[PDB]
Structures are given as structure tokens and as C-alpha cells.
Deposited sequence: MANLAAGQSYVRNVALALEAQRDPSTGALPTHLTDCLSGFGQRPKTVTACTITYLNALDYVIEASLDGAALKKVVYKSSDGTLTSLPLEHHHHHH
């Protein structure tokens, strides 16, 4: 699971793009097939869902799910 590591790196990248005073994420960035460095070929689908301006869920098919709100990876 090179896929898991990629997902964690997408999350880290998203954390770095938060507004530094409010925490808000740009909520139109919903694709993580590109724009997050080298993607291992095992990752065939990657979407970011924003639940509000702070919280996101990354879903990747290789299925793995990262939730920013609780920091869990499944």
C-alpha cells in the first residue's frame, strides 16, 4: 500500500493550503489524481470531499478513506 502513503501526502498538502488565520480550505480542489506530486500507478481514482470549510475526506481506489476530522485512515 503505496496508495496509503499517497493519501497521507495529499492530506499533508491540504493542511499546508489552509488559510493561516481561519483554517479554511479551498473547497473546489476535489480531484487528487493530479496536483499532489508523484501518484503511484496503483491509485486509479482519488477524490476529496469537503464536509465544511475545515473538514475533508479523501477517497482513493487502488478503497482507502482518510478523514481529516478524526485523522483516521481506512
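Gaps between the deposited sequence and the modelled coordinates occur at 1 to 4, 67 to 72, 85 to 95, listed in sequence order.
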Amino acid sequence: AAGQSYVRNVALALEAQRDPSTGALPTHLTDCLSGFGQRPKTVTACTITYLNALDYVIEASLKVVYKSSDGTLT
From here on, numbers count along this sequence of modelled residues.
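Higher average CA B factor: 30 to 38, of the stretches 30 to 38 and 44 to 52. Considering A13, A24, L62, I58 together, the PDB entry gives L62 the largest C-alpha B factor. When the CA B factors of the chain's modelled residues are split into thirds, the value for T74 lands in the highest one.
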